Each structure stands twice: as structure tokens, then as C-alpha cells.
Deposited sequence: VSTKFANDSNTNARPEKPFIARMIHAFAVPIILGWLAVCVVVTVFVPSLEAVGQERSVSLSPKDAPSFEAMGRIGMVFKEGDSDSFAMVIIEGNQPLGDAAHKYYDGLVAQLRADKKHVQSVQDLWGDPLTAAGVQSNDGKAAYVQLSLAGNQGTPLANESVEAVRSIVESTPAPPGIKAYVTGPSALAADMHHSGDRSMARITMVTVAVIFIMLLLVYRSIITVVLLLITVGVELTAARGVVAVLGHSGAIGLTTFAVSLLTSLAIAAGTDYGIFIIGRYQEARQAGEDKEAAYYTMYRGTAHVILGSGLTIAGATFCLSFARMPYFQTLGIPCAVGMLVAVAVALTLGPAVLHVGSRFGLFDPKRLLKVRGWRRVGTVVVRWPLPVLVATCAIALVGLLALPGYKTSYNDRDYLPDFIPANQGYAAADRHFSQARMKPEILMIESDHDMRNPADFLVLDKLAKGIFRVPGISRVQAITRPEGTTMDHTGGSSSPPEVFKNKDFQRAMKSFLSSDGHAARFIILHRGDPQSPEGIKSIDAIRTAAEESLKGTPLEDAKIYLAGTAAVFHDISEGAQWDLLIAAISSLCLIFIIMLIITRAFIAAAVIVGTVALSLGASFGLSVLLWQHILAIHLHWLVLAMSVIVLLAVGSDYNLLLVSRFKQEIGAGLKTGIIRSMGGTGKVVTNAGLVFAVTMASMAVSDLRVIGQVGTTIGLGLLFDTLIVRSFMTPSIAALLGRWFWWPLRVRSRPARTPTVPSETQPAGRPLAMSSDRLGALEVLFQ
């Protein structure tokens, strides 16, 4: 049989090649580079419905401390106790920062006040800092512009001798994370292509076939990146450096996998003795639907991230799905077309011999004695859960960027002279219709401050009644400036600046948020301010919410992706238990990938996994593992009719080397993102790489064939097979 679309691609091959190339050039010229769009259409880090976001907005609006979620800390450091020259320079800097109303919405200038100066000066006296509130939420282009403007102002002001200034804070850290992620993109792609070229040259052993495969992959990659850039430029989608990097790597790996499937089936058909036209038609009949299933599975898996809560997951839905729906159509059309055009000149005939003796022997060893093999590999797959009790997630984005980053460099200026919690303050605000100016409510405020000072892990409570944060007046001249910054202008609300001992952001620190809330409630209970509203904001509260939401979004994304992949495989194969197995044998095998990744990062390298890693890696692992299993099961579907068990052996003999090559190429592509400056991207890539090595070496090789041999004809229920 010669299927229709195969005939049409066969007749119009050269026009198709030139059409896709023209589209590539048109898109690359008529819209900017995708990374440039990412820095033009980036998303805000915080979700909108988070209490830690509403609280910060409310505090900012009530206390007139701007209208943004973002805040940035300016650090002043010196090689000696800061003299009056430091104060003059700081006054000039704060005046200039105030002049820039477009970006700096407010400046919590405390070091300029001799009274509260002790509350921000380093205990050594060699450093000081001031909190700025910048327009635009964390990570948005407005915040990026604001942090760049503040940084330029700080670093252009003439520093006195022996004094240095830095900029820090979540906003600057996010901006620098974006810029460093887009700075390493060229290197990621260069190393990916170099490694693939060094690898594929040892598989096909002729440079022409490798070069044509890589050109097909490049056309796919550029078309996908270009379409996603078009959508981003049109404003229909947000973006993040994670989305761009994952899209690039996934497009490269998946395009190489489709090209490898195409060439592998064509070369097997040629080795069997079929001529060029019949070989191409067999290639299409045996790989056209496998590639489409592979594309839709990955697209609908990465699309399931669109249901996540956190923006760092929610924004990976549309861009990745569009990139994979583009890279697949280009694969399905340029692949067969370029294959046929090259077949005119005899480029894609196999140079080596497609020896299959080893895989047929393994197939007869696994089909015979299926259940022992299934048990033997289920033991390996499930022992990866032993790392679960010791798994510890780290929320400190500060550590996963290079030390030369200006934001990270500024943080070092705090560690050298401050406790590591000073640059991560947490703010508690109480609001009521009463006027807090009255002395009785001031005693209530003091009771609240004392109560929260008792909370574990809390070191300092800088408040209206605690100008320097330590234990100790409403009419004094210096105390008036405390009114100007620690009570609302109407007197209806009061804010408490809270500092921790140790990192507030760590899993230990964030749990204190509930303790702080409870202690505040006990202090306010049985008191006239009991009716006063309470809000919590800062890094601690923010990442407490992130910890709460990440579990749910990971779970929902994983479950939805599993169901969608199952539906796609059921459509492709039309066998219920078959489709169930194709994805179940991968879901069970997620334990091995998780265990290996934890054992490599957390235990061996002593680097905890970033909270993004599992969510961004499981979605790809499910899809790609199910794709390899789909290839194998579709080959079963083909070869069956020569015996239910013998077809399994023949199918392994045929597709054994193809899937190994595709799996190694994909895993090494994902494992090549460790080169990225964002160590978070490195963790994601390495987790997916280890997982897919496990799949391609064990799951599809022993689990699926063993289950197929065990289930007899029930593997294809309801399909009637003799």
C-alpha cells in the first residue's frame, strides 16, 4: 500500500524542502530572536492569588511604599568603619534614586536618620544598606528596566575611596537569572549540536547522513523557535528563560529522534532488499504514525503544565506545546521529503550492516521466561524510592547562579558583614479602624512585638517601638521620623520588620510563617486589636506559599499528562491494555529517574534539587518514555500475525538499535544542559537525561516486551487476534 500523504510528499519533495527553508528564513528575518522576545514578554514570578502577593501589595499601598511586588536592596561596603564621607555619598545616591520617579517608587531611607541608622548599619560598622521599592512585579520587563536603571545610577555615582556599592534583592536576582539564562543559550546549543555530531558520526559512520539529519533538526528547531517568537512578539503568550531553554533543547532532541526513527526504518527496509520507492513507503507506513504520536504526546504533556498554579510552570504550557506541534510537522514533512530527495542520489543507504542477532537473542530470552524478567526489572525500577525519605528541596535561587552575577556578588557583600537574614526581611502588618497613636494600642503593639520575638528562629523585631530592633516616647523629634516609616499616615495600621536567625528561605525558615501568624493571633486575642486584620509578606511567606502550591501543581500536571498520554496511545494503537502498559511501565519507572537524580545531585554533588526540577522533568519523562514504548508497541502491531510471541522477538530485532540510538541522543541532549549558567536548567536536563537513559536501557527493553509476552492476546484487547 502507498498511503495518500506519502504519495503527495513523495511527488512534492523539493518544493516542500524549499518551502520549509523559505518559511525558516522569513520567520528569522521578520521577527526577532526568541530570547529577545523572552526579555520583552517575560512573566511575573509570583502568582496573582497568593496571600504573600496580596499582602505585599496591601502593605505597599497602605504605607505608600509603592504599588509593586518588587523590592531591591542597595548595599554599601567599605574597608574601614564608614565615615561621614560614606554618609555624604549615601545622601547623594538616595537623592538621585528619588529623582528617578519612573522606576524607584519609594526609598525606605533609614541610614540617613541618626536614630534608626543603628538598625541597618553592620555590627562591624563597615557596611550599610537601604531598601528600594521598584515599579513592576518581580521579573517583569518593567522590573528589569527598573533594576537596570538603579544599577546604572549606583555604579555611575562617584564612590569615595575604599567604598563599593551593590544592588541585590529578589528583583535584581530574577533579572540577572533571566540575563544569565539567555547568555548561556548559545553555549547550550553549541555543545548540544557538537555532542550529537560527535555521537551520530559513530552510529552512521558517514558524514553526509549525519549532516543531513542535523540540517533537518536545525530546520525543525528554527521553525519552532520562530513560531514561538512570533506568538510572543504578538503578545499572545508570556515567557521565561526556562521556557526558552526547555523549548530549544526539546526541539533539538525530539527532532533528532524523529530523524533517527525515519532513517532507521528506511535503512532497515533497504537492508531487507526493497527498492527506493518501496523502501520509502515502508518507512512511512511504519514510522509516520509513530512520529505523530510522539509529537502529540510531548506537546500535550508539556501543555498540561498550563494547568499549574505557579507562573514558572504555567508559562511552559503554550510555548512548549506550540514548539512541539511545529517541530513535529516539520519533522513529518521535511523528514520524509528530504529522505526521498536524498534517496534519489543514494545518500541514506546503510553503510554498516544492520546486525540484529543480539537483540533477537535478548528478545527470545525475555519472551521466554517473561515474569522473572518483569520482576527482576521491577525490583530495579522501584528501589529508586529509597531516596524519597531523604529528599530535600531547596528554594534558594541565589545559589543556582554563577558567583560573578552582580546580584549574587552583592549578596556576598551582605554575608561578609551581615547575618544572612538581613537581606531577606519579612514584614508583618496589622490594620484596624482604630487610631494606633493612642498609648493603650501602643502597649498592645508592644505585646505583639514581644510575642513574635519569642517565636523560634526570629532574631530581631524592628518596629515603631523598637527603632534598632532590640529591646528599648511618641513625641520626641527623632521618634517622629519613626512615625514617618513605621505607621500608616492615617495611623490605622502598623508594620513590623522581622529578621530570622539562619536562612528564612530554607524549608526550616518557611514553616515559621504559621508560627508567626499564630503568635500574632495570641498576642492580639483578648485585646481591643483582636479585630485587627493581619497580613504576612516577604521571602519567607512567599516561598511558604510556593511550597504549598508546588506539590499540588506537580501532582495535577503529572496526572493530567499521564491521562492525556494514555488517550493518545489508545488512539494510536486502539488497544486498551496496550495503551495502559505504554504509559504505566514509564510511570513505574519514574522512581528510578528520581532516585538517580537525587543520588547524583543531593548526595554525591551535595547540591539540593531546586523545587522546579521535578515538575519540569516528570512531564518530559512521561512523554518521551511513552514515545519509545509507543514505537516498540506499534512495531509489535505491525509484526504480529507472524505469531503473538514471535512478532515480539522480530520487533525487538528490528527496532532495538533504533531506539537505543534515539534514546542516547535524546538523553545526552537533555544531559547537555548542565553547561547552562542556570544550574536549575542543569538539574532539569540531568534528571531527564538519567531518567531517559533508564527508560531506553531497561523499561522498553525488558518491561514492555516481558509484559507483552506475559499477557498473550489480552495485550491487544478488544482486538481479536488468533
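No C-alpha positions are given in the record for the deposited-sequence stretches 1 to 15, 488 to 498, 749 to 783.
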